[PDB]
Amino acid sequence: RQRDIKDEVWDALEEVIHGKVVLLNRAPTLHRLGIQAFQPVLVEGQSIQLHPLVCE
Amino acid sequence: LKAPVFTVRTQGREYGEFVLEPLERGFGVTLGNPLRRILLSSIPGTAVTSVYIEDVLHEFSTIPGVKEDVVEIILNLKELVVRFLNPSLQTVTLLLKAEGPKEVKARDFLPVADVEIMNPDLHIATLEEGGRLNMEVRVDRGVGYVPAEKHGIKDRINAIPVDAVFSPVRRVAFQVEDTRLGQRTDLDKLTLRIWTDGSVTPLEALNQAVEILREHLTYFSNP
Amino acid sequence: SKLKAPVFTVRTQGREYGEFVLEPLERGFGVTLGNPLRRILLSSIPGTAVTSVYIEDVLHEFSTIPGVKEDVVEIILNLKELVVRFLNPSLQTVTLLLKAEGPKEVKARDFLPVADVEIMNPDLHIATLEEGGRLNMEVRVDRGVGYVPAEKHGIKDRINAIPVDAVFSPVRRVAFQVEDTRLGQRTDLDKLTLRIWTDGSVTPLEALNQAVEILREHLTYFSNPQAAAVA
Amino acid sequence: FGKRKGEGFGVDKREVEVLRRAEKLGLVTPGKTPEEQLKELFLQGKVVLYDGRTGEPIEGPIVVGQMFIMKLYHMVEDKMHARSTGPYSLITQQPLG
Amino acid sequence: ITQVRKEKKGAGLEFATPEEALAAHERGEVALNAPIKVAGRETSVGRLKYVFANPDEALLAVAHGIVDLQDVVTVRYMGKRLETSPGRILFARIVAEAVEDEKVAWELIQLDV
Amino acid sequence: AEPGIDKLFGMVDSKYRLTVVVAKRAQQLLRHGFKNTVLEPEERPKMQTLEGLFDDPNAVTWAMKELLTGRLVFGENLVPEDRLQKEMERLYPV
Amino acid sequence: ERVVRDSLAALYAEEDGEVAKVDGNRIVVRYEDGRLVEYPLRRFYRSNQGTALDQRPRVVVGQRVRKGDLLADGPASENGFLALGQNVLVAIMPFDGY
Amino acid sequence: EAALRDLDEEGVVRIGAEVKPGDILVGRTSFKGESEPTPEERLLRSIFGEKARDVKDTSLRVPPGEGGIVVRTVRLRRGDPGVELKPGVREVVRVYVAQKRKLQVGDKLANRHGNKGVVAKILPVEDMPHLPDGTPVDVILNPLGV
RNA sequence: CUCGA
DNA sequence: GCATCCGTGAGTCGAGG
Ligand SMILES: [Mg+2]
Ligand SMILES: [Mg+2]
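Quick notes on the rules
Residues numbered from 1 in each chain as written, not as in the entry; some residues may be left out. Chains lettered and ligands numbered in written order. Part of a larger assembly, values for the part shown. Heavy atoms only, no water. UniProt positions renumbered as here; feature names shortened; annotations may be inferred. Helix = DSSP H or I, 4+ residues; strand = E, 2+ residues; numbered from the N terminus. Buried < 20%, exposed > 50% of the residue type's maximum accessible area, 1.4 Å probe, protein only. Polar contact = N/O pair within 3.5 Å; in protein donor to acceptor, adjacent residues only side chain to side chain. Contact = heavy atoms within 4.5 Å. Pairing = 2+ DSSP bridges. 1 Å grid on protein atoms, 1.4 Å probe; cavity = no way out; pocket = protein on both sides within 12 Å on 5 of 7 lines; lining within 4 Å. Points joined across faces, edges and corners; volume = space filled by probe spheres on them. Nonpolar A, V, L, I, M, F, W, Y, C, P; charged D, E, K, R; others polar. Domains from an automatic or database assignment. Near = heavy atom within 4 Å. Buried area = accessible area lost by both parts, 1.4 Å probe. Salt bridge = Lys/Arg side-chain N within 4 Å of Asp/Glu carboxyl O. Expected span 1.5 Å × (residues − 1). Arc of directions from axis to C-beta.

Its PDB header attributes the entry to X-ray crystallography and lists the resolution as 2.4500 Å.

Under the PDB entry, the name given to chain F is DNA-directed RNA polymerase subunit omega, and the source organism is Thermus thermophilus. The title line of the PDB record says "Thermus thermophilus initial transcription complex comprising sigma A and 5'-OH RNA of 5 nt". On record in UniProt, under Function, the comment for chain F is "Promotes RNA polymerase assembly. Latches the N- and C-terminal regions of the beta' subunit thereby facilitating its interaction with the beta and alpha subunits." Regarding chain F, the UniProt comment filed under Subunit reads as follows: "The RNAP catalytic core consists of 2 alpha, 1 beta, 1 beta' and 1 omega subunit. When a sigma factor is associated with the core the holoenzyme is formed, which can initiate transcription."

Chain E carries the name DNA-directed RNA polymerase subunit beta' in the PDB entry, which gives Thermus thermophilus as its organism.

So this is what it looks like as structure tokens:
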């Protein structure tokens, strides 16, 4: 339940992701760089933030 | 919102990084910009404003017996870091006479009461066998940056007006990064970097800057 | 050669508009002073705002009221424009009551008077009531700062109350002019003019003063340094 | 602008700076008054704009105006989705889509 | 920030002494960045009028509005008397500080473009 | 980029060998609760909590940093697998 | 205007007449024939795509209306004009990579 | 009672209730499949001394990322006037949930000339470029898109 | 199938 | 040594329904 979720679990989440990476993928995956690994920074909002230099 | 912690990191008397976090959304640049403007224009320093050299008519002349031209010597004089120990003093004239095979440093300048040269190892010119250098340099107290043809000062006819680099602060750079406190998400973290010449320390420069600003704030008092 | 304290001029038109001149200032200080004040004036000045709304026989925002032309969403949109001034500094919250009926164009004037509470825009339209149309509201107005969405504060006095987006800022607009001036033989000096538009809840001068105070207080924060524990 | 000149304000220093830059850009004719040049820019659809963070003007005049913009049905609220574990398919035993 | 101004007001006038060039510029007869010929060598007013001892001074001048980033000027950088804009010096410094190697950074970039 | 990635790539004949070493080392650390680390107390990777600096929970970070010291040995057929397991269990029990 | 009209979004006066009643739910119009016509207003209805379908009354009590005059604005309609969005003040410039 | 707070007497969420992901919209119970309790369940049952209930929770809940205000309910029951559902169906319940969506980062905007883009940043007013008269702009479009 | 990249 | 009939491929992901 979303209303049961308290602040501390977010801090815990921050410790969970520390140093870890996720894979970002955009279709169509035309070459290997259509998948890349990134160290995630948690943000408010529902959009993923992608670095400009990797767009190309 | 809890008061931010002010953190300092210095490297001698020349460089300092200043961090202020956390700040309410937007206050990072609200504080950073004015301070940067003040630090570059209003911090009291000293600078070479005028130069006289014997047997030299104008700035684009050349000196017999000296490897550098007049331009190069003037450039070196721009990098001279002179400190006034007595707050009363407004201006000094520094004399320098040397000849023969010698490399003139800032050390060579004839000492004056309550006038400290922070960089005595600074190169001024090299003279050759029979080379003679006789010069008088005017040093004034002021702020900011004043081009040669804007103060245009001359004690004599062949005195060369010099771009006055008063500002003891060489460079200011600041950055604002997003930061969080618990679940306060849009907070600011101000990081200020300050380069000085050594006459005034980065921390001293900042403290003067915030004092100048604080004082200007009191001007909204008596209509 | 060091420029000293400049003249500070104040011009005002009612409680809504104000001009504040400072001259002469050293070159570049018009911006140095002008902009931080503008940033604080637009963002950090405490004010008042409708934070909650209860309407009788209305269960939620997505409703219509018999005999009322406007839907509840539109009514709340109108109430977001209500400007309320508190005379007492201690007063944090007020519940305005509106009881209306019959054929009439309800204005903000129709709220029942409350001690130490003044409506700065009494001609503000709220709803158009028809023959047989009835409207009984309780609006909660709070002190606050900045922009607080209904989703964030969730303020509800009673079960069927509707949280309202709160724009607390009493400052409507801020501009500043930097004009060329001179004193004695000095040229390129700055004349700074702050132009402030408020809603009347607080005067431009009050806003300027607490903005200055906020900035000064922030300048205080450089007072106690600390060694970096990074090394 | 006439409103401004009526309210008792002259041309701004920053505006003068931008006008110098604009003269360099060949956007305004050199020799004219600040008002005439600002008018030329405005006729090109451009105005002086101040950076809200610094209060310093953008070094060039900027195209500013009203535009009709729509919000499309593609809202991120309807698109954000994540899964740790969840239902699997009957035959393949692979996660559902 | 790395493009330089090219001006037409000066339009290739000949001058004997640089003071005459500065004079003409002061009159409003020669643009700061217009290609002229003082003595025999080709140059411009800006390269004579503003001669900075180091990048810091030039950028300080930029901050004070003395010159713009695109103005062609004389700056002393790494023991060299360079005729370039403050903007290209700024780019050079951006690279240099990014890579933490002033020498290599100087070798890598193409300054005159 | 990962700190010292160029040196790490310089340490191996194939980048994939680097990955294998880092991964196996990470597993060794996780299996023995980091008690088998070759890092001195001041070299320990840290993570900023709400309280303060604590040990970095990420064993791959640890592994790479250890690899940068030169205190690790890698190669094929250094020791029978079960012998390695038993010796590490003896020195650092689970 | 033709788009709004032909899509049957908005409500229009059938003939000349006088507006008798105005409500968030309904508009009653008295036409020249003397007949009272009541137009119920669709309020907060759900379309196929979940967007809101509702009609807002754009007349007031006692208002004199001619044939084909606007009675209620449908969704995406501002006084009978197709209203697919918002008129905003824009600046055309780069901004810090955002 | 916390989880059942906004449910009416019949087990349907009330009009006007704000529902969030996880919240129940319609309560429903289903008789469990023929349970052969594993020995663990038997022992645990003995420890806590509570009979396992005959029915289980099969309620309609708000899916992740959804929710808002309940605005309408519809209930169709078998054995009632005008109502006949598909064979075996005792009753059908529908709940309508309205939300007011503010523009957010990631929402798609467009003009009539084919210029389109998602909102990447929402700036506070003091950060916006502004006219000399103090008027901030609303939207900043990149010239490179032209 | 229709829509999106 | 050469035309004729048959079988088979024809981008990705995602969304709605
Ligand atoms: Mg922030
Ligand atoms: Mg010069």
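So, about the side chain of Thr37(F). Residues and elements named next belong to chain F. Examined against the element boundaries, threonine 37 turns out to sit in the loop between helix 2 (15–31) and strand 1 (46–48). The class of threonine 37 is buried, set by a relative accessible area of 16%. Of the polar contacts made by the side chain of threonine 37, one reaches the backbone nitrogen of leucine 39; its length is 3.2 Å. At a separation of 2.8 Å, a polar atom in the side chain of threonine 37 contacts the side chain of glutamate 66. Apart from residues no more than four positions distant in its own chain, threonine 37 is found in contact with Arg25, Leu29, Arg44, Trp62 and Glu66.

For the rest of this paragraph, the subject is the pairing of strand 6 (residues 68–77) of chain H. Bridge count between strand 1 (residues 18–19) of chain H and strand 6 of chain H: two bridges; the pairing is antiparallel. Bridge pairing links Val19(H) to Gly68(H) in strand 6 of chain H.

Residue and element names in this part refer to chain B. Evaluated as defined, the whole model comprises six cavities of 30 Å³ or more. If you add up the space inside the largest cavity, you get close to 100 Å³. Taken together, 13 residues make up the lining of the largest cavity; nearest its centre are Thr46, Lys78, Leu80, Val165 and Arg170. Broken down by secondary-structure element, the contributors of at least two residues to the lining of the largest cavity are strand 3 (45–53) and helix 2 (70–78). Broken down by element, the lining of the largest cavity gets its largest block of residues, three residues, from strand 3. Residue classes in the lining of the largest cavity are distributed as six nonpolar, two polar and five charged. Both domain 1 (1–44 + 167–220) and domain 2 (45–166) contribute no fewer than three residues apiece to the lining of the largest cavity.

Inspection of the region around RNA strand I gives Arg26(A), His74(D), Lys108(H) and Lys116(H) as its neighbouring residues. Backbone sugar and phosphate groups make up 100% of those atoms of RNA strand I lying within 4 Å of the protein. In this structure, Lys108(H) approaches RNA strand I through a side-chain N or O atom, which is 2.9 Å from a phosphate oxygen. Measuring from a phosphate oxygen of RNA strand I, one finds a side-chain N or O atom of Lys116(H) at 2.4 Å. Here the surface near RNA strand I is composed, by residue class, of no nonpolar, one polar and three charged.

Turning our attention to the interface of chain C and chain B. In many reports, interface size means the accessible area that the parts give up when they come together. Facing 33 residues of chain C, the contacting portion of chain B comprises 31 residues. Broken down residue by residue, the surface that chain C buries against chain B is led by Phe8(C), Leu219(C) and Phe222(C), which jointly contribute 23%. One can count zero salt bridges joining chain C with chain B. At the boundary of chain C with chain B, the tally comes to seven residue pairs in polar contact. At the level of elements, strand 1 (7–13), strand 2 (17–25), helix 1 (29–43) and helix 4 (204–220) of chain C are the ones that each hand at least two residues to the side of chain C that touches chain B.

Here we take up the sheet that holds strand 3 (residues 26–31) of chain G. All names here are of chain G. The strand order across the open sheet built from four strands is 4-3-2-8, with neighbouring strands paired in antiparallel fashion. Unpaired on one side and paired on the other, strand 4 (36–40) and strand 8 (64–65) mark the two borders of the sheet. Both strand 2 (residues 17–22) and strand 8 contribute to a ladder of two bridges, which runs antiparallel. Within the sheet, the bridge partner assigned to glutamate 18 lies in strand 8 and is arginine 64.

Residue and element names in this part refer to chain B. For helix 4 (residues 202–217), which comprises 16 residues, the first-to-last C-alpha distance of 23 Å matches the rise-based estimate of 22 Å (1.5 Å per residue) to within 8%. Buried residues of helix 4: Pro202, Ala205, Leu206, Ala209, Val210, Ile212, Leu213, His216 and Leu217, and no others. Taken around the axis of helix 4, the buried residues stretch over an arc of 155°, which confines them to a single face.

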